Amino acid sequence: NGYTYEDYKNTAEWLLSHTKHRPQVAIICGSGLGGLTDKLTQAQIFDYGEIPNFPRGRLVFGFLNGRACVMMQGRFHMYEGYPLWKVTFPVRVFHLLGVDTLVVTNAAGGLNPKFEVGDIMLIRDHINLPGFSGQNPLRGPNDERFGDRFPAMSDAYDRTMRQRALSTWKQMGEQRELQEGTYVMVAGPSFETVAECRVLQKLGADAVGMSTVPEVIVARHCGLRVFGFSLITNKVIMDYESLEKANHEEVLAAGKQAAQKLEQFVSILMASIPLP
């Protein structure tokens, strides 16, 4: 909405002049991935504040397991009051840098009763509840330099990468298996009532969270390959008996507990991404 094509190009040109790094892969770090940047070789850090036209967090360029990457440490959320054209601005910039693959991670509440806290859910699909009612990051004039006016989302989550994620996990010899299912985005920031949890379950959602879907829609619009996963930080309360309530402290704690596992998994998975 408030960005011109030239604004995206200006940001891209600034980054390309300020780093020799040329990323193939953008990684939008969700809950548990705070310290993924700590595994980079030839790390180069830009605070969002230094970068022209960035919403008012760090961008880190380097090699993860020898793959050229740019990592978003801190992401923008609808609940913070950012319009979706600010939330998704970095994805357009990543395209103009030459990125062809987006890895997106988040925290989610478990709606699938088979899910346990600490489970990693590969995102096979999403339900965009804000999108239905008008909150789609593509709303407004389309620029054909980014992509088509009416892009398909039915193939948003790369089938090959989900297969390679399953095989990678198996070779790490981890105690618990990978989950796979549907992420529903809600705006938040307040957690769901029992009645709302039952709604999202009946809609066929496996996990609920407050991000990711906008970035994926913009990535697919630009032609990026997309892979995503949720850390299941908590089981959403689905009955009136329970005196447990969802809280941010338990989300942070589950993230901290999973951090080493998630970092290792993403690092190893870089080897499985197709070459440019």
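When you see a residue number, it is the position in the sequence shown, counting from 1.
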>> Missing residues between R56 and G57 in the deposited sequence, please: none, 1 to 3, 4 to 9, or 10 or more.
In response: 4 to 9
> Per the entry, where is the mean C-alpha temperature factor higher: 239 to 247 or 220 to 228?
Replying inline: 239 to 247
> If you average the Cα B factors in the entry, which is higher, 102 to 110 or 70 to 78?
Replying inline: 70 to 78
>> Looking at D206, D125, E196, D143, which one carries the largest C-alpha B-factor according to the PDB entry?
In response: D143
>> Based on the deposited C-alpha B factors for this chain, I'd like to know if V213 is in the lowest, middle or highest third.
In response: lowest
> C-alpha B factor of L33, ranked within the chain: lowest, middle or highest third?
Replying inline: highest
> Considering only modelled residues of the same chain, in which third does the CA B-factor of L200 rank: lowest, middle or highest?
Replying inline: lowest
>> By the recorded C-alpha temperature factor, relative to the other modelled residues in its chain, which third is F150 in?
In response: middle
>> Please say which third, lowest, middle or highest, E116 falls into when its CA temperature factor is compared across its chain.
In response: middle
